[PDB]
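Enquirer: This is the structure, below, for whatever I ask next.
When we count neighbours, we look across all protein chains shown, and the Cβ atoms used for this are built from the backbone with ideal geometry, even at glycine. Throughout, read-outs are computed from the coordinates displayed, never taken from laboratory work.
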Amino acid sequence: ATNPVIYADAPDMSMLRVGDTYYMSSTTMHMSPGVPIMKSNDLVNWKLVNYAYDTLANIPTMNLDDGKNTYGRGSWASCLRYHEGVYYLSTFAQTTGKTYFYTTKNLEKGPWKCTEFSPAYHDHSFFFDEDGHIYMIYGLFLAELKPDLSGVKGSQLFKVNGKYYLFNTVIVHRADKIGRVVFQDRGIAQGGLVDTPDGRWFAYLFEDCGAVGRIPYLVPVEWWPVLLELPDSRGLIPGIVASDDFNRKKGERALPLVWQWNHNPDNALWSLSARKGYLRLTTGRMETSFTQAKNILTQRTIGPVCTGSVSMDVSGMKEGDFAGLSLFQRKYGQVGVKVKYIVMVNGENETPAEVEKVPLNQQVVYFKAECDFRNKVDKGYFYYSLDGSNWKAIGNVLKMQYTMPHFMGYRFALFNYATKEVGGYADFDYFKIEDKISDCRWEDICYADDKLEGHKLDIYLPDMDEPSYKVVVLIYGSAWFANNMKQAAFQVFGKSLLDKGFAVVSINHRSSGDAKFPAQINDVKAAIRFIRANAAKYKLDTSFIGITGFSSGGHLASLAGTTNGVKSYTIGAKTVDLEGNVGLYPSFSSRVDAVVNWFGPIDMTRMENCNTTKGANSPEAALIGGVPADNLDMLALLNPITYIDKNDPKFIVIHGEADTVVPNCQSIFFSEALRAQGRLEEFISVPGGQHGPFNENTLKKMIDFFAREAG
Ligand code: NA
């Protein structure tokens, strides 16, 4: 029984009481239907009962025609009143520069008598006075409305106890006929007064809580007003957001009130009688933009965490169509079946970005979208699935940002649109929403105390519920040039390790552009230090931490392997701090228990023709910030062979016979040095070859090895 009383995007509240009931209008801007009315009995448990209108206007901006929109605009702050048996609801819109008035004797069922006129009065608060005139404030200005509401002859006005209090930081204006600071706390502003039958006062207001949107707040009021002891809440399901099996009894609302379209729907192109138990979105138009697509169906996202889901059927789809689930704003995130490949897109940046792509060989497919708003971390994880339960992660994390436009919370979104060919369809069996979260995925976690992307890692647990998981780290091949390719490492190893029962931790390291060696190994050891220190939190059994990587990721994993317990080292004139002071957990161990090295470079003194150094242009020259031939000491210091001993971990080195960037010989140099001191478990020489083209058998041996050393 706490605040926020609604952890969801319900901005520009206009609230009132009528007996034992509470009512509240709201802003959804460019959604259809518009101006949602919500009912409550306790000020705590809310539910949608009605909307003021279906569509606002039949104009290109509102209809998403001719590449035009009205995102952020549409129906804005409304005014809700009850006077002598009739409910009175007003809003305005810059989308048509008009003010609209709606009246009914039953706020839940209707019907509405409607009127409209120009201009739009900005955040107007109309009021019935006991002098018998209908006033209206806005901006601030005062004026008198006509009787039949066909024209005129965050302001919210309330007369209490024969004094006029206008709400607008919150700033109340008192007056006897028709100025202080009353609240200044986390910018929780805009609203008015509401009383309880027993005479307790509250101020209904909202905060900007980031991605989730703009969330209602109730504050107790004492008497001037001076800004929870209310019944127990039962969340926002099914009041504000609900699941839908898309099954309808005789004469039932076709779409629960929880549903609102993006802009004016094309009501020709969706149906619930096409396939009984299924929603069928059909295409009408070829699009160049996701946000110019019609018949995107939506509910709100909810805090503090949430998860949406769907089941689809792709048989109907045509060449170039794209239908799935979205976390939807300007900076959106998709996951769906494009034509068939399962695909994620990340539209954070201007151009959309297809991240990962799996082929589909079924027609029934599932999707899931998670949201972590907890302390405004504001991240969206997408998954797919071919099955009821077995959820396969896909693509990067969506770093949600509350942008303007669309000036709205992130919504779940069912979509299906064409790029090449119209007529195709996509069935949806159900939509499912829950206030739970898996917490089997944390991406873009900082393992040092900085914002640098070089110091970011992604955690992944197996979804098989177990108190703790043994860890395996992934480093990426970049020739030490990338600080941002931990996502690529996951797509290669991730799934296979996860099925065996391993927690996976792909990490980033600072590029050779950012810093020079030993920055790269300093980072690896810091990521590991972080894992142990935060182990309890992410259910990580750090009795075992494996580590692996391809090319430079193999190099760094190997160098990590041989330097267990090594603080520094000195060859010739050159010393090199091998552990570092990157994070804030130097207390903890940077050890690893098992290494697998995929065709990593090792000895750059024999990198060229298995003999000599390379030029000042080669990746190793960039890594040390110096010309290899003349920095022969430093090349040995970053060589893992240097640090091999009997009590180092077991290794598995793997390398193709036709690898044209890192030769054969590098791995063999390493495996011989190891095996001599009993460290090499297995050297694997793939006849195929090539720097990556990594197969069923080689992959399976990685798993079986990590499993043997872990148990
Ligand atoms: Na050693």
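Enquirer: Scan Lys432, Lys420 and give me the residue that is touching a strand residue (DSSP E or B) at 6+ places or on another chain (Cβ under 8 Å), of a type in the set (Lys, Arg), in a loop (DSSP other than H, G, I, E, B) and surrounded by fewer than 22 Cβ atoms within 10 Å (Cβ to Cβ). Quick ask: steps written out before the conclusion?
Expert: On the way: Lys432 fails: in a loop (DSSP other than H, G, I, E, B).
From the options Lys432, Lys420, the qualifying one is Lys420.
Enquirer: Given the conditions (1) of a type in the set (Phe, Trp, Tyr); (2) closer than 19 Å to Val305 by Cβ; (3) assigned to a loop (DSSP other than H, G, I, E, B), and given that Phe412 satisfies all but one, which numbered condition is not satisfied?
Expert: (3)
Enquirer: Do the conditions hold for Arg679, that is, is it within 16 Å of the ligand (Cβ to nearest atom) and either surrounded by fewer than 17 Cβ atoms within 10 Å (Cβ to Cβ) or among the hydrophobic types (A, V, I, L, M, F, W, C) (or both)?
Expert: Taking the combined requirement at face value, the residue does not satisfy it.
Enquirer: Is at least one residue of the range 364-386 in a loop (DSSP other than H, G, I, E, B) and β-branched (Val, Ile, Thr)?
Expert: Yes; the residues of the range 364-386 include at least one that is in a loop (DSSP other than H, G, I, E, B) and β-branched (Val, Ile, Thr).
Enquirer: Which of the residues that make up the range 83-106 are of a type outside the set (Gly, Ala, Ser) and under 14 Å from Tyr53 (Cβ atoms)?
Expert: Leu89, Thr91, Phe92, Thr95, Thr96, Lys98, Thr99, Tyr100, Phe101, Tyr102, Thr103, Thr104, listed by residue number.
Enquirer: Could you check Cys610 against (1) closer than 12 Å to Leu559 by Cβ; (2) touching a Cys at 6+ places or on another chain (Cβ under 6 Å) and say which number it fails?
Expert: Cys610 satisfies all of (1) closer than 12 Å to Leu559 by Cβ; (2) touching a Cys at 6+ places or on another chain (Cβ under 6 Å) except (1).
Enquirer: Somewhere in the range 499-506, is a residue surrounded by fewer than 21 Cβ atoms within 10 Å (Cβ to Cβ), touching a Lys or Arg at 6+ places or on another chain (Cβ under 8 Å), closer than 30 Å to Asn697 by Cβ and not charged (D, E, K, R)?
Expert: Among the residues of the range 499-506, at least one is surrounded by fewer than 21 Cβ atoms within 10 Å (Cβ to Cβ), touching a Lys or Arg at 6+ places or on another chain (Cβ under 8 Å), closer than 30 Å to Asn697 by Cβ and not charged (D, E, K, R), which makes the answer yes.
Enquirer: Restricting to the range 528-539, count the residues that are touching a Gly at 6+ places or on another chain (Cβ under 7 Å) and outside any helix (DSSP H, G or I).
Expert: So the count comes out to 0.
Enquirer: Residues in the range 508-527 that are over 27 Å from the mean Cα position of the chain (by Cα) and assigned to a loop (DSSP other than H, G, I, E, B): how many?
Expert: 7
Enquirer: Next question, about the same structure. Filter the range 335-372 for residues that are basic (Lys, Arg) and over 19 Å from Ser389 (Cα atoms); which is surrounded by the fewest Cβ atoms within 10 Å (Cβ to Cβ)?
Expert: The qualifying residue surrounded by the fewest Cβ atoms within 10 Å (Cβ to Cβ) is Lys357.
Enquirer: Conditions: (1) closer than 16 Å to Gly678 by Cβ; (2) within 16 Å of the ligand (Cβ to nearest atom). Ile652 meets all but one. Number of the miss?
Expert: (2)
Enquirer: Does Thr563 meet the test of being away from the ligand (no atom under 16 Å from the Cβ) and either more than 31 Å from the chain's Cα centre (by Cα) or not charged (D, E, K, R) (or both)?
Expert: No; evaluated as a whole, the condition is false for this residue.
Enquirer: Would you pick out the residues in the range 29-46 that are among the charged types (D, E, K, R) and in contact with a strand residue (DSSP E or B) (Cβ under 6 Å, 6 or more places away or on another chain)?
Expert: Result: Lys39, single match.
Table: residues versus (1) farther than 19 Å from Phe705 by Cα; (2) within 16 Å of the ligand (Cβ to nearest atom).
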residue: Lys500; (1), (2): no, no
residue: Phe517; (1), (2): yes, no
residue: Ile521; (1), (2): yes, yes
residue: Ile528; (1), (2): yes, yes
residue: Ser552; (1), (2): yes, no
residue: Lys574; (1), (2): yes, no
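Enquirer: Can you tell me which residue within the range 102-121, out of those that are among the polar types (S, T, N, Q) and assigned to a loop (DSSP other than H, G, I, E, B), is nearest to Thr91 (Cα to Cα)?
Expert: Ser118
Enquirer: Conditions: (1) more than 25 Å from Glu222 (Cα to Cα); (2) buried (at least 19 other Cβ atoms within 10 Å of the Cβ). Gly132 meets all but one. Number of the miss?
Expert: Status for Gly132: all satisfied but (2).
Enquirer: Separate question: Test each condition in (1) basic (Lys, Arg); (2) more than 16 Å from the ligand (Cβ to nearest atom); (3) surrounded by fewer than 19 Cβ atoms within 10 Å (Cβ to Cβ) for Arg510 and report the one that comes out false.
Expert: Single failed check for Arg510: (3).
Enquirer: While we're on this one: Between a residue in the range 552-568 that is among the β-branched types (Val, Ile, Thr) and any residue that is in a strand (DSSP E or B) and within 14 Å of the ligand (Cβ to nearest atom), which pairs come within a Cβ distance under 9 Å, given they are 6 or more apart or on different chains?
Expert: Filtered contacts from the range 552-568: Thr562/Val595; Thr562/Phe651; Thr563/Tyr569.
Enquirer: Could you go through the range 288-302 and let me know if any residue there is under 26 Å from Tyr383 (Cβ atoms) and surrounded by fewer than 18 Cβ atoms within 10 Å (Cβ to Cβ).
Expert: yes
Enquirer: Considering only residues of the range 576-602 that are farther than 15 Å from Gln520 by Cβ and hydrophobic (A, V, I, L, M, F, W, C), which is farthest from the ligand (Cβ to nearest atom)?
Expert: This residue is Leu584.
Enquirer: Which is part of a loop (DSSP other than H, G, I, E, B) and either farther than 19 Å from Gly380 by Cβ or out of contact with any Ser or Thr (no Cβ under 8 Å at 6 or more places or on another chain) (or both), of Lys331, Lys318?
Expert: Within the list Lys331, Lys318, the selection yields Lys318.
Enquirer: Is there a residue in the range 95-110 that is touching a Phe, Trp or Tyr at 6+ places or on another chain (Cβ under 6 Å), over 21 Å from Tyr204 (Cβ atoms) and of a type outside the set (S, T, N, Q)?
Expert: No; the residues of the range 95-110 include none that is touching a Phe, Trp or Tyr at 6+ places or on another chain (Cβ under 6 Å), over 21 Å from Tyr204 (Cβ atoms) and of a type outside the set (S, T, N, Q).
Enquirer: In addition: All but one of (1) within 27 Å of the chain's Cα centre (by Cα); (2) over 30 Å from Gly132 (Cβ atoms) hold for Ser75; which doesn't?
Expert: Failed condition: (2).
Enquirer: Kindly list the number of the only condition in (1) touching a strand residue (DSSP E or B) at 6+ places or on another chain (Cβ under 9 Å); (2) more than 16 Å from the ligand (Cβ to nearest atom); (3) among the aliphatic types (A, V, I, L, M); (4) closer than 28 Å to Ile545 by Cα that fails for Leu638.
Expert: (2)
Enquirer: Name the residue that is surrounded by the most Cβ atoms within 10 Å (Cβ to Cβ), counting only residues in the range 683-711 that are small (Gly, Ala, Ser) and part of a loop (DSSP other than H, G, I, E, B).
Expert: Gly689
Enquirer: Sticking with this structure for a sec: Would you say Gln690 is of a type outside the set (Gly, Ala, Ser) and within 16 Å of the ligand (Cβ to nearest atom)? Please lay out each step first, then the result.
Expert: Working: of a type outside the set (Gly, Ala, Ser): yes; within 16 Å of the ligand (Cβ to nearest atom): no.
For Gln690, the condition - of a type outside the set (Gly, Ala, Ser) and within 16 Å of the ligand (Cβ to nearest atom) - is not met.
Enquirer: Another one. Could you tell me which numbered condition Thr95 fails, if it satisfies all but one of (1) touching a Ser or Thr at 6+ places or on another chain (Cβ under 7 Å); (2) under 14 Å from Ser26 (Cα atoms)?
Expert: In the conditions (1) touching a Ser or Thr at 6+ places or on another chain (Cβ under 7 Å); (2) under 14 Å from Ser26 (Cα atoms), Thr95 misses (2) alone.
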